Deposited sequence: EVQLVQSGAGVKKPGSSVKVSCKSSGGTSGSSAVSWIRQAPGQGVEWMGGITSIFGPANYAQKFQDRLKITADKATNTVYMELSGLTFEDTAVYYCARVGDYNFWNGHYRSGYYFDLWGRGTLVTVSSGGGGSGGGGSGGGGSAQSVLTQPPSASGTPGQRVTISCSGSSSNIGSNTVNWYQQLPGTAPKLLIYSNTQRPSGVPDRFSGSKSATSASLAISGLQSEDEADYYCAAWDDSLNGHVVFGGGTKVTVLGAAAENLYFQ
């Protein structure tokens, strides 16, 4: 019953700022919500959010100058503010919760998997992990999606996989390299070998027609979660 409610679609002019809210309903405190955006027709990219117990917030280098992530703990609300907007900031902004927050001390390395996702907010401004762009197979076959990184991300961190059904927010499909969350059928298997990760979809079904993304935390500088370019899986 825990869900992430987002603020409404906004139309912004250049140079203005946009504020998106994310209210947690159903439980209650301590979340570690992050903000990830998705350009129309483009992949998903991590902007910033709670990544460790040490600092108030963490931003990706690309967003540090224009992003301000805040949180009203009194109302279970997490906010996001992006200023100095341009047409290149027209995207579907999602808020997603890290799944292993309950285990965060200083020594445990997080999987950085996004447990819950918000419906997404349409923001329109008036005018890293190598993955194959596409994969196909006939119903019954097994398709394998490759995902290559470096020793700073996959080499030293767990890999997560997301399934994004056309028009929906991504959904956690595989976490901690091989683990299938409740509901994900045993047909999907994940694996990892040094700086590479793989996703196998055995017994391919019509319902598997979706974009698949791999994600792993990268230890470069203050750290950031890097997503793959995505692989659109079509069934023949």
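J.: What are the C-alpha gaps when you align the coordinates back onto the deposited sequence?
T.: Holes in the chain trace, numbered from 1: 28, 129 to 146, 256 to 265.
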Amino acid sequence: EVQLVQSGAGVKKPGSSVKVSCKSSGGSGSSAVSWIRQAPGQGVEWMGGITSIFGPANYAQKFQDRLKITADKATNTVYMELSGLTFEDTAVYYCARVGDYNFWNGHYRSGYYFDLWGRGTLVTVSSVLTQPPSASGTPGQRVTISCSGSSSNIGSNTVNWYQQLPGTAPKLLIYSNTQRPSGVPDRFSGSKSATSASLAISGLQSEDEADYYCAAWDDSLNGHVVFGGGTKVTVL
From here on, numbers count along this sequence of modelled residues.
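J.: Taking the mean of the C-alpha B-factors per stretch from the entry, tell me the winner out of 101 to 109 and 68 to 76.
T.: Taking the mean B-factor of the alpha carbons in each, 101 to 109 is higher.
J.: If you average the Cα B factors in the entry, which is higher, 131 to 139 or 146 to 154?
T.: Per the deposited B-factors, the answer is 131 to 139.
J.: Please work out which residue in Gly203, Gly43, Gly48, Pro170 has the highest C-alpha B-factor recorded for this crystal structure.
T.: The record points to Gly203.
J.: For the listed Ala39, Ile174, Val33, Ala210, which has the peak Cα B-factor recorded in the PDB entry?
T.: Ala210 has the highest C-alpha B-factor of those listed.
J.: Taking the chain's C-alpha temperature factors as the reference, tell me which third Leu116 falls into: lowest, middle or highest.
T.: Lowest third.
J.: Sorting the chain's CA B-factors, does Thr90 end up in the lowest, middle or highest third?
T.: Middle third - that is where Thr90 ends up once the chain's C-alpha B-factors are sorted.
J.: With respect to C-alpha B-factor, does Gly15 fall in the lowest, middle or highest third of the chain as deposited?
T.: Answer is highest: the recorded C-alpha B-factor places it there.
J.: Ranking every modelled residue in this chain by its Cα temperature factor as given in the entry, which third contains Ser28?
T.: Ranked within chain, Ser28 CA B lands in the highest tercile.
J.: If you rank every modelled residue in this chain by C-alpha B factor, which third holds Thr195: lowest, middle or highest?
T.: It belongs to the middle third of the chain when residues are ordered by C-alpha B-factor.
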